[PDB]
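K.L.:
I am attaching a structure below and will ask some questions about it afterwards.
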Amino acid sequence: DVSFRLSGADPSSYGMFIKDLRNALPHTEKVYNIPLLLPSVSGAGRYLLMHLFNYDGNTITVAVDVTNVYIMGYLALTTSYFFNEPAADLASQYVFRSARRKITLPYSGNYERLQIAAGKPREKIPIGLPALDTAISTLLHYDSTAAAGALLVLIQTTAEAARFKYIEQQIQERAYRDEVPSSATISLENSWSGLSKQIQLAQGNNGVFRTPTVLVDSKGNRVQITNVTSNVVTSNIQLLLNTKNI
Ligand SMILES: *[C@@H]1O[C@H](CO)[C@@H](O[C@@H]2O[C@H](CO)[C@@H](O)[C@H](O)[C@H]2NC(C)=O)[C@H](O)[C@H]1NC(C)=O
Ligand SMILES: Cn1cnc2nc(N)[nH]c(=O)c21
């Protein structure tokens with residue numbers, strides 16, 4: 001299991017937690033030097049448990065699917081909360097079984113559905129470590145509308161940071177001050193799948209992408225990624241969703 005305590009957290013400890021998270025994910029092979037995530041895994045070994053502690057010491061345990069890094073649900077004291085979707089439901093059979101009651105949230109865990117329930121797109125929700133602290137706080141006591149917002153912050157300050165060096169860096173800059181995400185961040189978040197597929201399709205194609213991937217950069221200018229020599233591939237992305245899942 002991996003743990004992170006917001007109390008006494010600085011950019012450095014966060015970096016270590018995200019490194020720990022990355023190393024918690026299994027993989028047998030690397031593609032162009034980046035860990036390729038497993039196609040599938042059997043039983044309880046498919047889920048990673050994250051223990052998160054807010055500033056006051058309260059905690060929630062989050063269950064993450066190790067083949068994609070998707071959050072499936074979490075535990076607050078004695079109530080387990082799971083997304084309203086098949087995979088999440090499958091996940092309820094191996095984790096948080098000793099919970100007194102299990103609640104199914106009224107939405108599945110994809111950005112589109114979470115942004116609807118939250119009432120705002122993630123362009124306008126501030127993220128950072130202070131926000132993570134709030135997120136944890138908000139999940140300790142049920143409120144489907146509040147949880148949507150908190151989960152959008154949680155998914156990004158953990159899963160998305162794990163997948164992209166850039167996003168981990170964005171969060172370290174927001175260690176004592178929240179700030180809405182840059183469009184580069186949103187763009188990356190949205191391309192993890194495409195990039196993952198294209199970096200794999202370049203393996204028997206001299207490192208050249210079958211189809212170019214379009215992102216928005218630091219400045220907000222539209223850019224095209226056609227090949228693995230790009231910074232995004234050489235230095236940004238840290239995990240690859242196996243094509244068997246796309
Ligand atoms: C692969 O991507 C690189 C960019 O990392 C392309 O780079 C060209 O050369 C410089 C720096 O590498 C770029 O800024 C230029 O805009 C590019 N000029 C060209 C040749 O178009 C490189 O071209 C790409 N190579 C491919 C497509 O195999
Ligand atoms: C990032 N992401 C996209 N779809 C997702 N679905 C779930 N359930 N959890 C996630 O973290 C997620």
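Here, A, B, ... name the chains of the structure tokens in the order displayed, residue numbers run from 1 inside each chain, and ligands are numbered from 1 in the same displayed order.
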Show me which residues are within 10 Å of ligand 1 counting only C-alpha atoms and all ligand atoms, and format the list as a PyMOL selection string.

P.N.:
chain A and resi 206-209+212+224-234

K.L.:
Hey, what's within 7 Å of residue 220 (chain A) if we count only C-alpha atoms and toss same-chain stuff fewer than 2 positions away? As JSON, numbers by chain, please?

P.N.:
{"A": [183, 184, 216, 217, 218, 222]}

K.L.:
Could you tell me, counting only C-alpha atoms and all ligand atoms, which protein and nucleic acid residues lie no more than 9 Å from ligand 2, written as a PyMOL selection string?

P.N.:
chain A and resi 64-65+68-73+82-85+87-88+108-112+151-152+154-156+159-160+189-190

K.L.:
Between A:11, A:106, A:35, A:121, which one has atoms that come closest to residue 242 (chain A), using only C-alpha atoms?

P.N.:
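Using only C-alpha atoms, residue 242 (chain A) sits closest to A:35.
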
K.L.:
Compile the contact shell of residue 177 (chain A) as a PyMOL selection string: residues with an atom at most 8 Å away, counting only C-alpha atoms, same-chain residues fewer than 4 positions apart removed.

P.N.:
chain A and resi 128-130+173

K.L.:
Please report, as a ChimeraX atom specification, each residue of region 2-206 of chain A to which DSSP assigns strand (DSSP E) when run on this structure's backbone.

P.N.:
/A:2-5,30-31,34-35,47-53,59-65,70-76,79-82,101-104

K.L.:
Mind checking which residues fall within 7 Å of residue 27 (chain A), counting only C-alpha atoms, ignoring those fewer than 2 positions away in the same chain, and posting them as a list in words?

P.N.:
residues 25, 29, 35, 36, 37 and 38 of chain A

K.L.:
Residues within 9 Å of residue 200 (chain A), please, as number ranges by chain. Count only C-alpha atoms; anything in the same chain fewer than 2 positions from it doesn't count.

P.N.:
A: 31-32, 195-198, 202-204, 207, 209, 240, 242-243

K.L.:
Using only C-alpha atoms for the distances, tell me which of A:76, A:193, A:3, A:210 is nearest to residue 139 (chain A).

P.N.:
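Selected residue with least distance to residue 139 (chain A): A:76.
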
K.L.:
Hey, what does DSSP flag as helix (DSSP H, G or I) within region 3-196 of chain A? Can you give it to me as a PyMOL selection string?

P.N.:
chain A and resi 11-24+43-46+86-91+111-118+122-124+129-139+144-163+165-173+183-196

K.L.:
Have a look at A:89, A:185, A:41, A:116 and name the one nearest to residue 219 (chain A); count only C-alpha atoms.

P.N.:
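Checking each of A:89, A:185, A:41, A:116 against residue 219 (chain A), counting only C-alpha atoms, the winner is A:185.
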
K.L.:
Would you give me, as a tab-separated table, each residue of region 94-194 of chain A having an atom within 8 Å of an atom of region 43-52 of chain A, along with its shortest atom pair and that distance in Å to one decimal, using only C-alpha atoms and sorting by chain and residue number?

P.N.:
```
residue	atom	partner	partner_atom	distance
A:94	CA	A:44	CA	5.2
A:95	CA	A:44	CA	7.3
A:136	CA	A:52	CA	7.5
```

K.L.:
Considering only C-alpha atoms, return as number ranges by chain whatever protein or nucleic-acid residues lie within 6 Å of residue 178 (chain A), sequence-local ones (same chain, fewer than 4 positions apart) excluded.

P.N.:
A: 126-128, 174

K.L.:
Export N, CA and C atoms of the chosen residues as a short mmCIF file (atom, residue, chain, number, x, y, z; two decimals), in the first residue's frame?

P.N.:
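Here's the written file result.cif:
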```cif
data_model
loop_
_atom_site.label_atom_id
_atom_site.label_comp_id
_atom_site.auth_asym_id
_atom_site.auth_seq_id
_atom_site.Cartn_x
_atom_site.Cartn_y
_atom_site.Cartn_z
N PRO A 126 -10.02 24.61 -8.68
CA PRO A 126 -8.62 24.75 -8.26
C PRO A 126 -8.04 23.46 -7.71
N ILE A 127 -6.80 23.14 -8.08
CA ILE A 127 -6.17 21.94 -7.55
C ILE A 127 -4.85 22.30 -6.88
N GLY A 128 -4.33 21.36 -6.10
CA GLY A 128 -3.09 21.56 -5.39
C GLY A 128 -3.14 20.68 -4.15
N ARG A 174 1.78 24.03 -6.68
CA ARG A 174 0.55 24.34 -5.95
C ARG A 174 0.53 23.71 -4.56
#
```

K.L.:
Between CA of residue 237 (chain A) and CA of residue 194 (chain A), what is the spacing in Å?

P.N.:
11.9 Å
